[PDB]
Number of protein chains: 4
Amino acid sequence: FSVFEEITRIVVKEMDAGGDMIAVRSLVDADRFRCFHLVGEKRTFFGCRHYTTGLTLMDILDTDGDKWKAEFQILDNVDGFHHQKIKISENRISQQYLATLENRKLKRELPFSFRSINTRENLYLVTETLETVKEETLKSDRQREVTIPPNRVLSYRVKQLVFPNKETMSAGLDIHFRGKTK
Amino acid sequence: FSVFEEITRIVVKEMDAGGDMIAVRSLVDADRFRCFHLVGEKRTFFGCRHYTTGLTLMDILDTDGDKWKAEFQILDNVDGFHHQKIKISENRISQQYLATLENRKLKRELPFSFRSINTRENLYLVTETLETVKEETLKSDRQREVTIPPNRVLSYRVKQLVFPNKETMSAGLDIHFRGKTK
Amino acid sequence: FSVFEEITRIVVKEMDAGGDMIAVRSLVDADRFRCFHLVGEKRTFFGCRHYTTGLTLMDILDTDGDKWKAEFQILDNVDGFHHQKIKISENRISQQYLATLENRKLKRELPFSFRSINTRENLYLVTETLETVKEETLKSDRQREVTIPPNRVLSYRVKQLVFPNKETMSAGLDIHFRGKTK
Amino acid sequence: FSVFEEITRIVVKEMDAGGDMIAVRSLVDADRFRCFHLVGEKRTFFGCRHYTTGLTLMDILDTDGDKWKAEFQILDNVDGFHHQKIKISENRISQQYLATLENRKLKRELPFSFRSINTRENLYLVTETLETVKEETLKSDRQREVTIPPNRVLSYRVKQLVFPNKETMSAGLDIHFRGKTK
């Protein structure tokens with residue numbers, strides 16, 4: 001019935017066949033589920049299905065930390081029957097920029113410590129921007145043909161980070177098996 | 001038979017498939033069921049069906065607290081048979097604005113303390129505005145084709161807050177299991 | 001057979017599905033069954049069917065107490081077979097205005113004390129104006145197609161008030177279970 | 001179902017029938033999986049299928065190390081049924097340039113030592129550039145006809161290198177049997 005899971009997993013599959021990429025479920029905050037954001041805890045009910053909570057993560061702006069690929073198209077159908085008309089835009093971001101962000105000093109008092117400690121979800125971040133400013137409508141059959149605004153994201157990446165009390169570290173080997181001591 | 005539950009749950013489902021969002025039942029006060037408002041107590045008769053009472057919550061205006069996405073469309077049908085022609089407008093509101101509202105001092109003498117104590121419904125608030133200034137008519141079959149004025153809301157969010165005698169606190173982890181000591 | 005109950009309950013149902021709202025039976029005094037008015041005692045013969053008596057309630061005018069939504073339309077049919085062509089006008093009235101009316105001093109010698117004591121109906125008032133200045137004719141089948149003048153009301157609300165000998169109080173939690181000691 | 005494996009292995013087969021060449025799985029970073037890059041560890045699940053991680057390897061630029069074939073076409077189909085419309089560009093790079101790169105001094109502090117030691121994947125490099133600036137769409141049947149942006153790579157080569165603590169050496173005899181002591 002649902003269409004966004006189908007579209008995001010089509011992106012993920014043709015993006016790399018059953019690989020590293022992760023899809024998103026909610027567009028309550030999809031476009032603002034950009035880099036420096038979170039995701040709900042993972043459960044296995046009705047297949048691989050997690051929760052959704054992706055609040056902000058920018059901490060400081062003292063050193064250069066906010067400095068700034070062509071259009072891509074997916075116009076096909078899947079035999080229920082689905083029809084996808086996606087267009088994708090890519091803003092290249094450097095990988096050593098991730099190291100720079102790790103070097104950035106972690107210091108905030110945003111009301112996020114309470115929820116983060118209560119969850120212990122060991123939040124992870126994206127690697128490189130995946131953006132869509134595409135058209136509205138897609139199609140699905142069980143009819144219900146969904147509609148999508150421009151400037152929205154579909155799939156995201158993993159870079160595990162650990163948060164001690166004051167300053168953080170990194171776990172880059174795609175660690176999302178929910179095991180930590182924080 | 002009823003159409004508004006169908007329309008709001010269609011919004012909720014295609015908004016995120018059976019997820020966090022909550023629909024509304026009454027348009028007695030729908031547009032004025034904006035942020036800073038309430039909802040009736042939850043019961044399980046005829047499925048998930050709650051009551052409806054969403055009175056005002058603005059308390060003080062001393063610091064900046066009243067400062068101020070493109071159009072979205074849903075034009076489909078569901079196989080009874082229903083037909084939806086919804087248009088949606090979005091006014092972006094910041095998430096740290098919720099923290100600012102929590103920091104706002106709670107002080108009122110509005111005749112709401114009596115009803116709030118008699119109910120103990122642990123009221124919860126919305127996250128980001130969901131507005132519709134769309135057309136009038138929709139369609140349904142058992143015929144009865146409903147009509148909807150502009151500048152109205154359909155679905156809302158959760159941010160639990162606890163009210164001690166003088167000043168309040170927050171319960172952000174989507175807590176709506178009606179358990180408190182106030 | 002009767003049509004006004006059908007029309008008012010259609011208003012109530014699509015107004016909120018089997019919820020707080022209350023319909024009216026008689027148009028002997030419908031338009032003047034505005035705010036500050038009464039209703040007959042409730043009985044359970046032939047379903048939920050009450051009496052009708054809604055006389056005046058204005059008491060004093062010393063402080064500001066008489067200071068002063070767009071058009072709505074319902075153009076459908078119900079499968080007997082009924083056909084409704086209602087238009088509705090709304091004059092917004094504040095909720096803290098109800099608190100102001102409660103603060104208003106109660107003092108009258110209108111010949112209403114005798115009937116009120118003989119009835120003990122614990123009269124209740126409306127919340128916000130519901131007005132119709134719509135067209136005349138509707139349709140019904142068992143034919144008999146009813147006609148309705150402009151500037152008339154269909155459904156009303158509840159705000160229970162208790163009347164001691166001199167000054168009154170409030171019972172806001174939609175209390176209409178006919179229990180009091182006055 | 002998957003199409004990129006088919007296309008890359010078609011390249012590999014007609015490039016040399018079941019020979020030295022290696023195909024890639026992910027286009028998360030395909031174009032930037034150029035020379036001086038990595039690959040995920042090799043496993044044998046669902047046939048020959050490895051992981052994917054190809055981060056950067058440039059170390060120093062002091063001596064000449066960044067100084068700088070006609071178009072090729074593959075327009076056929078394979079009897080499921082597939083249809084390929086590939087165009088290929090080649091930028092010739094010298095083989096003694098590989099010796100020069102080996103002579104280049106290895107010295108970096110990029111956050112890659114941790115992941116490299118944790119993996120022990122004994123990374124290997126390409127021999128000569130294989131580039132495609134071709135059209136978008138291909139075709140496949142189980143329909144799903146994939147799309148490909150210009151300036152992207154499909155297949156790559158092997159030149160094993162060993163990394164001691166400070167300075168590296170070479171293992172040129174196409175050694176990718178994951179055996180080392182580093």
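Looking at the method and resolution fields of the entry, one finds cryo-EM and 4.48 Å.

Chain A is annotated in the PDB entry as Isoform 1 of Gasdermin-B of Homo sapiens. Readers searching the PDB will find this entry under the title "CryoEM structure of GSDMB pore without transmembrane beta-barrel".

Draft legend 1. Seen up close, the sheet that holds strand β5 (residues 82-88) of chain A. Residue and element names in this part refer to chain A. On the basis of which strands lie adjacent, the open sheet formed by three strands has the order β4-β5-β6 and antiparallel pairing. Sheet topology places β4 (72-78) and β6 (139-140) at the edges, where each strand pairs with a single neighbour. As paired elements, β4 and β5 share seven bridges and run antiparallel to each other. The residue of β5 that forms the bridge with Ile74 is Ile86.

Draft legend 2. Examining the packing of aromatic side chains more closely. All names here are of chain B. Within the structure shown, the criterion is met by four aromatic pairs over all chains. Between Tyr124 and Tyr156, the ring centres sit 6.2 Å apart and the planes meet at 35°, which makes this aromatic pair tilted. Residue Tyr156 is classed as buried on the basis of its relative accessible area, which comes to 13%.

Draft legend 3. How the structure looks around the interface of chain A and chain D. Facing the 19 residues of chain A at the interface are 22 residues of chain D. Summed over both partners, the interface of chain A with chain D comes to about 1,900 Å²; 54% of that surface belongs to carbon and sulfur atoms. Ranking the residues of chain A by area buried against chain D places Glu14, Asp76 and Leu173 of chain A at the top, with a combined share of 28%. For the interface between chain A and chain D, the tally reads three salt bridges. Linking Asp79 of chain A and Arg142 of chain D is a salt bridge whose minimum nitrogen-to-oxygen distance equals 3.1 Å. At the surface where chain A touches chain D, the tally comes to six residue pairs in polar contact. Elements with a contribution of two residues or more to the side of chain A that touches chain D: α1 (4-15) and β4 of chain A. The element that contributes the greatest number of residues to the side of chain A that touches chain D is β4 of chain A, accounting for six residues. Looking at the side of chain A that touches chain D, its residues break down into nine nonpolar, four polar and six charged.

Cut-off values and rules
Residues numbered from 1 in each chain as written, not as in the entry; some residues may be left out. Chains lettered and ligands numbered in written order. Part of a larger assembly, values for the part shown. Heavy atoms only, no water. Pairing = 2+ DSSP bridges. Helix = DSSP H or I, 4+ residues; strand = E, 2+ residues; numbered from the N terminus. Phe/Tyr/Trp six-rings, centres within 6.5 Å; stacked < 30°, edge-to-face > 60°. Buried < 20%, exposed > 50% of the residue type's maximum accessible area, 1.4 Å probe, protein only. Contact = heavy atoms within 4.5 Å. Buried area = accessible area lost by both parts, 1.4 Å probe. Salt bridge = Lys/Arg side-chain N within 4 Å of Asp/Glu carboxyl O. Polar contact = N/O pair within 3.5 Å; in protein donor to acceptor, adjacent residues only side chain to side chain. Nonpolar A, V, L, I, M, F, W, Y, C, P; charged D, E, K, R; others polar.

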